[PDB]
Amino acid sequence: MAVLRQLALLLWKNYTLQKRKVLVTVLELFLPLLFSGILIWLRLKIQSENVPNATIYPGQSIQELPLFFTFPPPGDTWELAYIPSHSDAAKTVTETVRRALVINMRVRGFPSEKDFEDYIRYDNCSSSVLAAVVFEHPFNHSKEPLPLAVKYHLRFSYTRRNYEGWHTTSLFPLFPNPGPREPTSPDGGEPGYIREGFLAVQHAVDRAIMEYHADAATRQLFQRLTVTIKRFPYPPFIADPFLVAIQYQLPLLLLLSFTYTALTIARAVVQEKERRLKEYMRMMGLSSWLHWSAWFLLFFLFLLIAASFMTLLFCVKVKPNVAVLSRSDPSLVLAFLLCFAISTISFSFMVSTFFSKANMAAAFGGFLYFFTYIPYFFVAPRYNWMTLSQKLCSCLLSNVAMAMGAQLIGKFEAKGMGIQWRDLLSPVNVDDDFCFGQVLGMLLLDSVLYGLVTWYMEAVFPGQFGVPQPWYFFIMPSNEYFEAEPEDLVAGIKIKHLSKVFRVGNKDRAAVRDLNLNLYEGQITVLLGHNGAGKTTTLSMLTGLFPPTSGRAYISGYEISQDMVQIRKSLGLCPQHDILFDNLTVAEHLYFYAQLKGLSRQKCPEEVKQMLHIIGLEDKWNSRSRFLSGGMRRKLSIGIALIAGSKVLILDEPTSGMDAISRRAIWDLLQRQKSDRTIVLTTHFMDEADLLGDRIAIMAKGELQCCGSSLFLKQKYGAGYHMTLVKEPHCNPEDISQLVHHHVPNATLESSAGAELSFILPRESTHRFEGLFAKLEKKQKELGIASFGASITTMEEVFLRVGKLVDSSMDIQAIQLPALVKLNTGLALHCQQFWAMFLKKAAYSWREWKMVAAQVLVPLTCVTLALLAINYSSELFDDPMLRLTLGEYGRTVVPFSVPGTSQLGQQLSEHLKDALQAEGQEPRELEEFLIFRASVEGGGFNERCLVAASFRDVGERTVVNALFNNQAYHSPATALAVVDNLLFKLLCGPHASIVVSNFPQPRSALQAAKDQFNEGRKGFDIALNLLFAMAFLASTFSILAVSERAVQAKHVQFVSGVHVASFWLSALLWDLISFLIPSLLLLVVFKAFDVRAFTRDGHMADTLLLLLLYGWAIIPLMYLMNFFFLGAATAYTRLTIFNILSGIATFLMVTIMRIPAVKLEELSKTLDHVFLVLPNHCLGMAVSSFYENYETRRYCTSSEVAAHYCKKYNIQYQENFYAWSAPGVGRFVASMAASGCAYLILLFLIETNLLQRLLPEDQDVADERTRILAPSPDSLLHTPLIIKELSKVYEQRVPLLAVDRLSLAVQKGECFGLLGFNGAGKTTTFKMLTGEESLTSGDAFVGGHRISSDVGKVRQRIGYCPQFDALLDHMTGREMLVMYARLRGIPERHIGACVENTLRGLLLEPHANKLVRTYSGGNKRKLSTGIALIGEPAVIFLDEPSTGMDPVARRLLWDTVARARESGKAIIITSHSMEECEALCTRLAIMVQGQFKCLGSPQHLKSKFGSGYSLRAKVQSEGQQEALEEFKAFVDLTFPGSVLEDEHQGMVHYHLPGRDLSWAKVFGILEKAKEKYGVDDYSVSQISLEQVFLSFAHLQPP
Ligand SMILES: CCCCCCCCCCCCCC(=O)OC[C@H](COP(=O)(O)OCC[N+](C)(C)C)OC(=O)CCCCCCCCCCCCC
Ligand SMILES: CCCCCCCCCCCCCC(=O)OC[C@H](COP(=O)(O)OCC[N+](C)(C)C)OC(=O)CCCCCCCCCCCCC
Ligand SMILES: *[C@@H]1O[C@H](CO)[C@@H](O)[C@H](O)[C@H]1NC(C)=O
Ligand SMILES: *[C@@H]1O[C@H](CO)[C@@H](O)[C@H](O)[C@H]1NC(C)=O
């Protein structure tokens, strides 16, 4: 009904906010197309062969060795050794082999395999050995027969003779191409077994062993039987290699396509939680799921455009039968991409509930996307073994469930099916039960399994602002101080016996006890309250955050505990912060919030038009919410608070941090806008709580203390008036105090600061004021008084006294109210600043240990875990055993036919069936049977069927064809093995056996030294592995340098006088010291793994130099790149990426642009000269070229033959390791040492600023100006500030005279004011005095030193308190004071005392050692102004010293700032609150448009620019309908010129004109008329200082 209205109003907002960011939207649609258009290129760059049918092979003979051993070698005859020599049984078996393979072979005999293994490698004639028969029996030394169980080797050459090794390490090819292993070569192929002569020798040895036992039947049997060998015929096949590369490039190119729009979801979701906008909407009625639904319906509808396009350009027939995923039903591709999209949205929602900042979440949730894809590189190959449950459990990571589904799209596409909606359940081959339905299901299950984690972490760990819930929440289904309240007005908030008690003694909040307040309509009520006393528990119960305990409170006739859902209809409210979306207009916020508050669509626009008028923003309409102000945003927030008609209106601190005009505008707004509604303020200013507030309430200990109007409270909780004089040089305070006390008895000389003399005249003696003022009017010149005045108490005193009567804390008991050394210089200074700046940088590595566990632990793992995955070797082995017998594979299945008509087949088939070794028999009925079978079996044929048998006798001759599966390496031997194994049991007793082996010969000395030299795939692979771990380390140096400049902490330090060299050469020293712990922990790793290219010789001190030279060259480059960034976490992720692209990309763009005359690219010589300025490409190409030189040297040294080979082929190793033009690292050392010195120079040339330099004015102002041009002989020598004829002109397209001649002279014991209008130049004068800005035509003498010449000796004598908080969160309350006591001098023996007394002067001792992050927002303003006062400064430049502080702590600070001025200093305040420029000032100066318009103490200003008085009388309730006008007529008769100006329920407020009214006459008149006209109380006061300041408001140029 209306939920559907909110769900669309909340979706228009998201769509608008998101399409206003053009670079992100356009970059989210051009990644998933740039990454999927690559496949179109890669497909049109590859063709498919697709043989028709019928590839079959002929047969070979194994009777005689190939026609290569007929010719003898250069040298002698061939050799054939046997290893058991002493045994005669083996001695005679080899001789029949010799007389069966007659060439000239000489038979040798050896003791044992040790002797042969030493003969082959340690000789020069041991090169013509052909085979070597080895047995497995001790043989009972001299004579013994051969036991019927025989095993033996043959053992061999090592490299192909007739023509790589024998591949005994493996058993199937590692990278199987599609098709036959050797399409040509109809006899075996690569491993040998035919060309070499393995089979001929094996058959001969088998025949020898047969004749050794039969010798007679053998001749008969082999007279009518010969054995040949044939290869399987291979079926017609698809030859396309691209379909094999779709199972490793599709998943990665899908993930890399969605991985950006998967991290702009986390940022968008968390950025709106960080700004507390979701918390604001949740307090208007919107539930917490309306936001997730509106995020989902946007990002899903936005990913469905990319998925459709991706589906389209996968499956468009570019050319006849092309277009990757050619026959694959595009609807199913789309329906799989949509499930991937839902999963990758629901993943980001879950990720965004772990972070508070938007930068961190965006950076570190775009990384977990990748990090959840890793376990697929370890499942892509090992896929045929895994059981179903393990495969299904691996899918709980959505990025892996997608990849195992992108593999099936290749495994189906390489067969002709090409998934078609009707095989969702059918497995792939016949036996691997894992369909394509369990991919979609596991993709849509992880969505829910992630929703269940976000819904729990959003409710139990809400963050900093929300309120948590119990972890099991898914279980339960659930006096005389009070004035008389008005009678005309109707209550709009009624509270009765409200109460709340919190949890166990872990209080941490504030309790209310028995509140009985009451708030009325058409009236502003101000709710004050001391520090711990309720007042935010109360405003939380009323606004609906938690229920009460023992009370009830009605808002608009409802009750907060029963039906809050209807209260929130009229209750509008605006908080402390700002609730506005940047990138929406002024006109859109109102149209959004008016309707969200439940306003009809047809009747909205006129209220938007009216509210744009009430606020006063007709112009500046449809401006973004950025670019407005700081002072029209507080007006738009107030506008939102009361749009659509809202009765109750709870707004707090509405005028915080605003100048004095934008504050009166808001006051006037709120005064015109009540009239109908109840407003509840709460402020920290104690005159805003008085000027606009008609009824006030104060809470002290969770219990309402006093209530009533302002005049009611002031007459009850305050002392008398505040009469103030202005004494002159020839004056005596003693001669005036006698007058005052002798005339009025009770009084108090409150203070005599400056030249004021203020008293306290109690108000229970107002009948003597006639005499006092009449008498003191006369003796003006005789006494020395000029322009006195009087006023009544303030509201700060009332507030401070109420809480003092009913509290006992340490602070509130401190306030008092009226009752009832040579600084260092030269060398010590610089060496002291160096230490101070070194400790600051050092103490960050162990108070934030995320940088130690990421400088020491990331490089180590990144280097070891990826040396493991390479299997770094440094050693070579010698091709181990491989027993040639069926069974190392597994349970096979062996067919055999009997296409015979005669005998010699049946007995053989029965014996074969008696194998019972591996598989059964699987008899068939051959050549064509295999062709048919090898099309429906698929991969099963090449895993369960390796051999065959076919006994086809042509009458007498009985051939036995044995077939071998070429897809294996060692099949042609196993086939003959089984064939002759059974044919030997034929003419023997079947209790025997024959197995053999392969186990090739060991390498010689000259072969190992060449098979070790061809490990060139190690330098290039160990350089990339290290360049990738030095990019997660080089970036951690620009984090303190970014987060210190962003918080403005660097600006204050440079103002206080730190040197541009001590600042940076002290960061560099520590960043080099912190570049050895990893740089020395890498030697341990390279030693443990034994990487010899740089461990063996004195090279451990040559990698260390190469790593120090890289640290030295990249640290200063990472210092320069910090000037781009503002957040410490958007710089890490943008600088590691810069490192990786500057490194890997441009180092890999040179090695593979030099491939052995393939892609030519002779310009690599130019690229490797243009890339010599990047210090990552200079490390990669130095490590690689070190590892290469050492290898090619260690080779061309082992023997002379190698040296000759190197000479012929021009290998050119250098023996210096550091020379030029070589494999030596000379031009890389020399280019990293000269690049780290061209960055320091450029850093200092940026810091030291070599870019920006490559008319009746007033009587008192003129008096001041001409008092410092013609001074007394020594009138100005002991004074701090002597500004003289100071000016500054801009050149921004028009001469702007922002300062005009500014002649002033501040003295010891002063406190200058310097007020001004917005843009009057009060903020360039401040800068120009603190040394920041360029001067023009005039000087200033700060302490004795000119400000145009010696601007370095000045900065050591001035303190400076900024407006913002420029503190270093990793330091301590006391360490930050020690830092600044060192940057200024203060010999090391005094620092203890100078810090100890300051800390307890500001009352910071509890928090002295507390790590300034725990500090409340008001203990930071107490420390920023202890930093200003530490040391002995000549001048102090305070600037809004107490911004966000409550009244008690603010008073306690204004006290110290004045106790520091009593004892001979000079202060310069500059603030926006006119309440603070009176509590600590001695002389003021309003400044408009260029220059001073007035000057003098705040009383001399009120006399000279004041107008008159202001009455505030009230009349009792007796005849209020009759006495009010009777009094109101009298005050228009006896005071000609009054203005009524206000009226509220008992009271008036006049503006009695000051023309001809003494301070005596006005009191006599009212004191006589008090009783004759029935008045309850009254109070006369003079003009207010802020009202005097506002008089000059018309002098603004616009
Ligand atoms: C498993 C399948 C799916 C899993 C996805 C869902 C699980 C997500 C877990 C990952 C996040 C772990 C929790 C986490 O990050 O804590 C938050 C802080 C960031 O703080 P921050 O963002 O300032 O605000 C805190 C948010 N709050 C209030 C809710 C705690 O976290 C940090 O501060 C970031 C940590 C700094 C980097 C760590 C580097 C130190 C050493 C590196 C580790 C060993 C080196 C090899
Ligand atoms: C498209 C792919 C993009 C991703 C590619 C590579 C990006 C690397 C992801 C990790 C980035 C984490 C960023 C980070 O930790 O910030 C450095 C911290 C910030 O501390 P802090 O000053 O509290 O942060 C405030 C700044 N803020 C809010 C904007 C973050 O300052 C520190 O305290 C030092 C911590 C730095 C060490 C972080 C290194 C750990 C990364 C490896 C994590 C592996 C987990 C097993
Ligand atoms: C080859 O070996 C024989 C002994 O077998 C030895 O006499 C001869 O010096 C060797 N030749 C060379 C070149 O070392
Ligand atoms: C092998 O023959 C020897 C002949 O000297 C004899 O010790 C025994 O019969 C056999 N030895 C072993 C250890 O079986």
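- The PDB entry annotates the protein as Phospholipid-transporting ATPase ABCA3 originating from Homo sapiens.
- The record for the entry shows the title "Cryo-EM structure of nucleotide-free ABCA3".
- Turning to the protein, the UniProt record has this under Subunit: "Homooligomer; disulfide-linked."
- Quoted straight from UniProt, the Sequence similarities entry for the protein says "Belongs to the ABC transporter superfamily. ABCA family."

### Some words on the side chain of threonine 1279
So, step 1. Looking at where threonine 1279 falls in the secondary structure, it is placed in the loop between helix 48 (1259–1267) and strand 23 (1286–1291).
So, step 2. Taking the relative accessible area as the measure of exposure, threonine 1279 reaches 15% and is therefore buried.
So, step 3. Not counting chain neighbours up to four residues away, the residues in contact with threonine 1279 comprise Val1306 and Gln1307.

### Some words on the UniProt feature "binding site: ATP 2" in the protein
So, step 1. Mapped onto the present numbering, the UniProt feature "binding site: ATP 2" falls on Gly1316, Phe1317, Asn1318, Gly1319, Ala1320, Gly1321, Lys1322 and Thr1323.
So, step 2. Take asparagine 1318: it is sitting in the loop between strand 26 (1315–1316) and helix 49 (1322–1329).
So, step 3. By relative accessible area, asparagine 1318 is classed as exposed at 71%.
So, step 4. Its place among the elements puts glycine 1319 in the loop between strand 26 and helix 49.

### Things to note about the nonpolar core
So, step 1. Ranked by internal contacts, the top residues of the largest apolar core, which has 121 residues, are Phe1086 and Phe1492.
So, step 2. At eleven residues, the largest contribution of residues to this core is made by helix 41 (residues 1100–1120).
So, step 3. Residues in contact with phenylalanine 1492, not counting those within four places in the same chain, are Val1261, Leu1302, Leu1304, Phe1312, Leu1314, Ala1485, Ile1486 and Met1487.
So, step 4. Of all hydrophobic cores here, the second largest spans 71 residues; its members include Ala262, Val270, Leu298 and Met350.

### Points about the sheet that holds strand 12 (residues 552–554)
Backbone-to-backbone hydrogen bonds join strands into a sheet, with any given pair of strands oriented parallel or antiparallel.
So, step 1. If you walk across this open sheet you meet the three strands as 10-7-12, and the pairing is antiparallel. Each edge of the open sheet is held by one strand with a lone partner, namely strand 10 (518–520) and strand 12. Pairwise comparison of adjacent strand axes, ignoring direction, gives a mean angle of 0° for this sheet.
So, step 2. Across three bridges, strand 7 (residues 491–496) lies against strand 12 in antiparallel orientation. From the neighbouring strand, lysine 496 faces strand 12, where its bridge partner is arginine 552.

### Let's talk about the site of ligand 2
So, step 1. Around ligand 2 sit 14 residues, and of these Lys357, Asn359, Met360, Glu848 and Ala1129 come closest.
So, step 2. At 2.4 Å from an oxygen atom of ligand 2 is found a side-chain nitrogen or oxygen belonging to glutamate 848.
So, step 3. Burial of ligand 2 by the protein amounts to 72% of the accessible area it has alone, namely 1100 Å².
So, step 4. For the shell around ligand 2, the elements supplying multiple residues, two or more each, are helix 13 (358–364) and helix 42 (1128–1151).
So, step 5. Residue contributions to the shell around ligand 2 peak at four residues, all from helix 42.
So, step 6. Taken together, the residues that form the shell around ligand 2 break down as nine nonpolar, two polar and three charged.

### Observations regarding the sheet that holds strand 1 (residues 59–61)
So, step 1. Across the sheet, four strands lie side by side as 1-6-21-20; this open sheet has mixed pairing. Strands with a single pairing partner mark the edges of an open sheet, and in this sheet they are strand 1 and strand 20 (950–954). Averaged over all neighbouring strand pairs, the angle between strand axes comes to 35°, with direction disregarded.
So, step 2. Where strand 1 lies against strand 6 (residues 225–231), three bridges are found, and the strand directions are antiparallel. Looking across to strand 6, one finds that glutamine 60 is bridged to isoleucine 229.
So, step 3. Packing against the sheet, helix 34 (residues 971–986) makes contact with strand 6 and strand 21 (957–964), and its axis sits at approximately 140° to strand 21.

### Some words on the pairing of strand 16 (residues 695–699)
So, step 1. Buried residues dominate strand 16, accounting for five of its five residues.
So, step 2. In this structure, strand 11 (residues 523–527) lies alongside strand 16, joined through three bridges in parallel fashion. Residue pairing across strands places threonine 525 opposite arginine 695, the latter belonging to strand 16.
So, step 3. Sheet topology note: the strand 16/strand 17 (residues 704–708) ladder contains four bridges and is antiparallel. Counterpart to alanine 697 in the pairing with strand 17 is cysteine 707.
So, step 4. Counting the residues between successive antiparallel strands, the hairpin from strand 16 to strand 17 contains four residues, one of them, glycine 702, with a positive phi of roughly 70°.

Cut-off values and rules
- Residues numbered from 1 in each chain as written, not as in the entry; some residues may be left out.
- Chains lettered and ligands numbered in written order.
- Heavy atoms only, no water.
- Residues with missing side-chain atoms left out of burial classes, pairs and counts.
- UniProt positions renumbered as here; feature names shortened; annotations may be inferred.
- Helix = DSSP H or I, 4+ residues; strand = E, 2+ residues; numbered from the N terminus.
- Buried < 20%, exposed > 50% of the residue type's maximum accessible area, 1.4 Å probe, protein only.
- Contact = heavy atoms within 4.5 Å.
- Core = buried A, V, L, I, M, F, W, Y, C linked by side-chain atoms within 4.5 Å.
- Pairing = 2+ DSSP bridges.
- Axes fitted to C-alpha atoms, helices over the stretch in contact; angles between N-to-C directions.
- Near = heavy atom within 4 Å.
- Polar contact = N/O pair within 3.5 Å; in protein donor to acceptor, adjacent residues only side chain to side chain.
- Areas by Shrake-Rupley, 256 points an atom, 1.4 Å probe, with all protein chains shown as cover.
- Nonpolar A, V, L, I, M, F, W, Y, C, P; charged D, E, K, R; others polar.

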